[PDB]
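> whatever this is, show me its structure:
(one chain, ligands or ions: 2)
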Amino acid sequence: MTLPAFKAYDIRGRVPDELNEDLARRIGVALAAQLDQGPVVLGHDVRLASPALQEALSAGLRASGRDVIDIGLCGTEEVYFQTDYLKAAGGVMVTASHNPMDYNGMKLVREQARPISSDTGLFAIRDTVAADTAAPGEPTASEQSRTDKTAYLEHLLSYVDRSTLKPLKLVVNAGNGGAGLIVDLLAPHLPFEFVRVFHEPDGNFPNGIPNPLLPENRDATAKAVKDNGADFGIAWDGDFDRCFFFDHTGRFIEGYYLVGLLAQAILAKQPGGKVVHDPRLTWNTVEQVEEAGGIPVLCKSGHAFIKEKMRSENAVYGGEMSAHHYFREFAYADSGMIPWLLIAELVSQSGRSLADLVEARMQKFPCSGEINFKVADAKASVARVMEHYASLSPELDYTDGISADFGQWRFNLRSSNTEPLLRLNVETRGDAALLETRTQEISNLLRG
Ligand SMILES: O=P(O)(O)OC[C@H]1O[C@H](O)[C@H](O)[C@@H](O)[C@@H]1O
Ligand SMILES: [Ca+2]
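Residues are numbered from 1 along each chain as shown. Ligands and ions are numbered 1, 2, ... in the order given. Right below this line is the structure:
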């Protein structure tokens, strides 16, 4: 067989049978052979076992003659940022995301924080690690601790005109992940009043593994917003590359609508720019991008495809409905910090609430939200859906699974690249009834 921890986009598995210090050291050795010249940036999340896995990576990298830049406890975007900013050969973030307590993982990048994925180095690393029975060498290169976040913080603040910001009251919910550290470093430079929920980093996760999409976790932010009269709330996943927004009513804003909102915010600063979006939900983004004078660029989902499309297009911004937002100036990488700074600036400058910034868009392009299906036979299930709708002659697009545009409604149906699931998204042209009947119709076909 093959090592199960090696997935399409990253390394993820149970400790210690799928991932451990020995495997981590071998990954460091193997990564050294895959990179162009330079040092390697290493960072880690709040999970209890993450430092030891990072130390093992460092030992393997240094035995292979790579200098290591240890940026310490951080978010995933800090590994991206420092890898690019320091002109390093690559970087590794040790992060378990929202996998169980006995799980960990790694996200690996090369120069300019370009992703290393299954077909771009990750399976090559896997195959080297799998066959590597050599005795561990000793270090022939040094590790330096670089915990200065000044350049990173300055970069984040560069996205907004601080003199235009108003003293909004913002709920922030790190979920006991790492986001609060950055919020607190930014706060002296911002006028906002922060209401801090689940703020302290704690890899024991007394309030649940960080996952703002789970209703119990969602409700903690919503309650804080409502009880404190906050202008809006922001929650993050544990490594804070995903951000989640709650309006002043406590309502969670579906991530689809943040793509168009952020695109308009960015296009104000960079007129005429291209914006990359995924094929899951599209109509609102295309319209908002065009209305703001930008050019929308359809791309397959998944951060590696998005980033390379952005690079080839000089796109200023890209966004997925799955709470991933990519910024050209940020090494084409995703940040969970840039988006809420931009939204806070937009609320400050416009005088409009976050709710009102999205309300009409949500009415105009209502969507199902992503609905996941584990079925016995995904291919047969997709075929049943397509056969059922064939007589309507939808416009079909195969950029990522199947997108079918029927005129007043459309859907995207695709296999996930991170879980063995089918993912469905439906949207309509201002028609909530059609959305529900078509969503239920497709759901019945998929489960048939
Ligand atoms: O919908 P999936 O194929 O499961 O991918 C869902 C998400 O997985 C990871 O988080 C990637 O970084 C994202 O770019 C991707 O959108
Ligand atoms: Ca994350």
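
> which residue is nearest the centroid of the chain?
Nearest to the centroid of the C-alpha atoms of the chain, with distances taken as C-alpha atoms, centre = their mean, sits residue 324, at 3.5 Å.

> show me what that one is bridged to.
Judged by DSSP bridges, the bridge partners of residue 324 are residue 320.

> got a list of what it touches?
241-242, 303, 306, 334 (C-beta atoms under 8 Å, 6 or more residues apart in numbering). In this view, the C-beta of every residue, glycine as well, is placed from N, C-alpha and C.

> which residues touch the nearest residue to residue 237 once chain neighbours are set aside?
Using C-beta to C-beta, 6 or more residues apart in numbering and skipping residues adjacent in sequence, the residue nearest residue 237 is residue 210, 5.2 Å away. Going by C-beta under 8 Å, 6+ apart, residue 210 touches 98, 174-177, 217, 236-238.

> go ahead and build a ChimeraX selection from the buried members of the contacts of residue 324.
The buried residues among the contacts of residue 324 can be selected in ChimeraX (16 or more other C-beta atoms under 10 Å) with this line:
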select :241,242,303,306,334
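
> turn the contacts of residue 324 into JSON lines, including secondary structure and distance to residue 349.
Listed next are these as JSON lines, based on DSSP: H, G, I helix; E, B strand; the rest coil; distance: C-beta to C-beta, whole Å:
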{"residue": "241", "secondary structure": "coil", "distance to residue 349": "26"}
{"residue": "242", "secondary structure": "coil", "distance to residue 349": "25"}
{"residue": "303", "secondary structure": "helix", "distance to residue 349": "29"}
{"residue": "306", "secondary structure": "helix", "distance to residue 349": "27"}
{"residue": "334", "secondary structure": "strand", "distance to residue 349": "24"}
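
> put together JSON lines for the contacts of residue 324, with distance to residue 168 on each row.
Listed next are the contacts of residue 324 as JSON lines, based on distance: C-beta to C-beta, whole Å:
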{"residue": "241", "distance to residue 168": "23"}
{"residue": "242", "distance to residue 168": "21"}
{"residue": "303", "distance to residue 168": "29"}
{"residue": "306", "distance to residue 168": "29"}
{"residue": "334", "distance to residue 168": "24"}
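
> among the contacts of residue 324, which two are most distant?
By the measure C-beta to C-beta, 242 and 306 form the most distant pair in those, at 14.0 Å.

> how are the helices of this protein distributed by residue range?
21-34, 50-63, 76-85, 122-131, 150-157, 179-186, 215-228, 255-269, 283-291, 303-313, 338-350, 354-364, 378-389, 432-447 (DSSP state H).

> give me the angle between the last one and helix 354-364.
When axes from the mean of the first three to the mean of the last three C-alpha atoms, to 10 degrees is applied, the directions of helix 432-447 and helix 354-364 differ by 70 degrees.

> tilt between helix 432-447 and helix 378-389?
140 degrees.

> elements contacting helix 432-447?
Secondary-structure packing of helix 432-447 (3 or more C-beta pairs under 8 Å, 6 or more residues apart in numbering; DSSP states H and E): strand 371-373, helix 378-389, strand 409-415, strand 422-428.

> which residue packs closest to residue 340, ignoring adjacent ones?
residue 234 (4.6 Å).

> touching, the one you found and residue 169? I think so.
No. Residue 234 lies out of contact with residue 169 (C-beta atoms under 8 Å); the separation is 11.9 Å.

> now do the shared contacts for the two.
Common neighbours of residue 234 and residue 169 (C-beta under 8 Å, 6+ apart) do not exist.

> more crowded one of these two?
The neighbour comparison of residue 234 against residue 169 (other C-beta atoms under 10 Å) goes to residue 234, with 28 against 16.

> filter the contacts of residue 324 to keep only those in contact with ligand 1.
Counting by C-beta under 6 Å from any ligand atom, residue 303 from these sit close to ligand 1.

> just the contacts of residue 324 that are near ligand 2?
Near ligand 2, taking C-beta under 5 Å from the ion as the test, the members of the contacts of residue 324 found are 241-242.

> farthest-apart pair in the contacts of residue 210, please.
98 and 174 (13.3 Å).

> higher neighbour count, those two?
For the pair residue 98 and residue 174, the greater number of neighbours falls to residue 174 (27 against 21), based on other C-beta under 10 Å.

> who's in contact with that one?
Per C-beta under 8 Å, 6+ apart, neighbours of residue 174: 180, 183, 196-201, 210, 235-236, 240.

> give the contact list for the closest residue to it other than its chain neighbours.
Nearest non-adjacent residue to residue 174, counting by C-beta to C-beta, 6+ apart: residue 180, 4.0 Å away. Residue 180 is in contact with 172, 174, 196, 199-201, counting by C-beta under 8 Å, 6+ apart.

> perfect, I'm done here.
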